[PDB]
Amino acid sequence: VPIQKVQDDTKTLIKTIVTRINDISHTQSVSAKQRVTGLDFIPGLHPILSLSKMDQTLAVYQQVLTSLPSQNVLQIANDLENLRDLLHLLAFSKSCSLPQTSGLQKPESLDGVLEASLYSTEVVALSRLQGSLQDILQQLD
Amino acid sequence: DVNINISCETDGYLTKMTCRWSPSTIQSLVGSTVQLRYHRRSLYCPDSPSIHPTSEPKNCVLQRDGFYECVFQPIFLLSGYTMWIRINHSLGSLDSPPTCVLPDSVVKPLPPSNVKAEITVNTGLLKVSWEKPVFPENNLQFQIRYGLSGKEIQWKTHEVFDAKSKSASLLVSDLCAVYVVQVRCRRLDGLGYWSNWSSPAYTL
Amino acid sequence: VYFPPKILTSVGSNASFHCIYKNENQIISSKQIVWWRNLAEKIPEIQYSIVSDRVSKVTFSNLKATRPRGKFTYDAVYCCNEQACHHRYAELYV
Ligand SMILES: *[C@@H]1O[C@H](CO)[C@@H](O)[C@H](O)[C@H]1NC(C)=O
Ligand SMILES: *[C@@H]1O[C@H](CO)[C@@H](O)[C@H](O)[C@H]1NC(C)=O
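Chains as they are written, first to last, in the working numbering: chain H, 333 to 473; chain E, 79 to 282; chain R, 350 to 443.
Here you go:
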């Protein structure tokens, strides 16, 4: 498939998933000036530049999103998985042959917060994931 | 020979897939159980469709109008589906010629709410405006129809191409009376389907 | 460390909470704490009180029926240090 069609599809995917996060987060409105400890393994506090960082961060986001038991969250997770596959397609498109290595998650704290802090985990994960997606959209061009 | 046309339908929320197909050439097989097989792909529909050796079944229900009905949940925005009709019986097995459908190519939106109109008595063009639905985010083209008010309506048709245009201007014949207008929207490229019409908004 | 973690009361009466914040091996004082609701609204300083050096007390007034938010049917209130909120919270039910 041509690369340009792929890029347009990626951009549309980011825009649609951001919109879903937005209208599902309107009832879960949060303020950025509130930091909650115990979620240091949720990313979003640093800018994202390199491809592998995006891949690993999106994998972590997918993991925490499927760690939550709700249908809409399942849909978000499925869309992020499709986004990750699209990003891998782009990475291979760039004609860089660094061997693919993925994984490396030891999320015991994830289970702890899920059994203790369902609501906070959900809202913080959604907010930081939306911020991350905005950063990727900013740096894609 | 055997042939089954396939039609699919997608709601505007991008959370439901509906597909429908006609049973018009299976009634003549006594004892023929029906069933459906669908195979998913990583990305995109391929060039030449074919039968995937590994598949997944999915039951379908019979409605009153005479069409088999079944759905998929949850759905994938950019994943290809390869599905077909299969018939099993006691003298072998026949497979139908399949058809590939992209989920994003059969999406229709909701009608556009908050349709209004007014007559600019100064100039003479009818002014109407709408708001695009939240989904899909892709650019859309709108078609407009107007007419008089009464039992029977002799409509007139017109369209607006520029997706960014939330306003329109239209040459008219009478202005002291009351007109009727509605709108509908669809994707610019051509994929998907028309989305009904809009609620009747009466002019003043 | 909350007491009580939840409460039940219909529309038409006040509310009462009590929290103590634990951080690592240090317990913060009370004069610095600020309350929070649903991580969306900050409560003006008129609505607090201090019983002793180690507890933050808040008394709400003319509570209104809560609005459902997804599958959830309760509103959460958090006691936080500066801008650092602990994971646990109290449950508000009307
Ligand atoms: C028109 O709208 C109604 C309800 O808004 C819906 O049930 C119907 O399916 C729509 N028409 C088409 C062709 O989808
Ligand atoms: C609630 O607070 C009001 C003043 O804010 C007070 O008058 C009343 O006695 C309190 N208790 C109730 C309403 O049960």
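Backbone N, C-alpha and C fix where the C-beta goes; we use that ideal spot for every residue, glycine too.
E:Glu215 has a beta carbon lying within less than 7 Å of a beta carbon in chain H. At least 7 Å separates the CB of H:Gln403 from every CB of chain R.
Any Cβ of chain H closer than 7 Å to the Cβ of E:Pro278 would place that residue at the interface, and such an atom is absent. For ligand 2, residues qualifying as neighbours are R:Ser362, R:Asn363 and R:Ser410, where qualification means a beta carbon closer than 6 Å to at least one of its heavy atoms (chain order). In this structure, R:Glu440 lies near R:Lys355, with their beta-carbon atoms less than 7 Å apart. Residues are counted here when their Cβ sits less than 8 Å from a Cβ of chain E; for the segment 341-362 of chain H these are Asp341, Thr344, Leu345, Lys347, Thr348, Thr351 and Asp355, given in chain order.
Relative to ligand 1, E:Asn274 has its C-beta within less than 6 Å of a heavy atom.
Straight-line spacing of the CA atoms in E:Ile153 and H:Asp411 works out to 10 Å. At a C-beta separation below 8 Å, R:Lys420 has these neighbours in chain H: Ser402. If you compare the alpha carbons of H:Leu383, H:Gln395 and H:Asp467 with that of H:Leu430, the shortest gap goes to H:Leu383.
Secondary structure at E:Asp240: coil, using DSSP grouped into helix, strand and coil. Distance from the CA of E:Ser100 to the CA of E:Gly144, rounded to the nearest whole angstrom, comes to 8 Å.
The Cβ neighbour count for E:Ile231, taken over all protein chains shown within 10 Å, is under 16; the residue is labelled exposed. Taking each of E:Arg265, E:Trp233 and E:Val261 in turn and checking the Cα distance to E:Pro278, the smallest one comes out for E:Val261.
Taking a 10 Å sphere around the C-beta of E:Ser126, we find fewer than 16 other C-beta atoms and assign the residue as exposed. Spanning the alpha carbons of R:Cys429 and R:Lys371 requires a straight line of approximately 10 Å.
Contacts between H:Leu406 and chain E, judged by CB atoms closer than 7 Å, involve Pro152 in chain order. DSSP, read as helix, strand or coil, puts E:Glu147 in strand. H:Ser425 sits away from R:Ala389, with the two beta carbons spaced by 7 Å or more. Contact between R:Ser365 and R:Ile382 fails: their C-beta atoms lie close to 16 Å from each other, not under 8 Å.
Taking all protein chains in view, the Cβ of E:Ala195 is crowded by 16 or more other Cβ atoms within 10 Å, so the residue is classified as buried.
Within chain H, no C-beta atom comes nearer than 9 Å to that of R:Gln375; the closest sits roughly 13 Å away. For H:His420, the enclosing alpha helix (DSSP H) begins and ends at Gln403 to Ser425. Our two residues, R:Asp402 and R:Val360, have alpha carbons roughly 32 Å apart in a direct line. In the DSSP annotation of this structure, the continuous segment of the beta strand (DSSP E) that includes E:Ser85 starts and ends at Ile84 to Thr88. Residues are counted here when their Cβ sits less than 9 Å from a Cβ of chain H; for the segment 375-406 of chain R these are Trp385, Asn387, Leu388, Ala389, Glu390 and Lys391, given in chain order. Against chain H, a Cβ distance below 7 Å from E:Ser120 picks out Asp417.
In terms of Cα proximity to E:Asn274, the closest of E:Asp267, E:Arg265, E:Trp208 and E:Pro187 is E:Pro187.
Annotation for H:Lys343: the continuous alpha helix (DSSP H) segment containing it runs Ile335 to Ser357.
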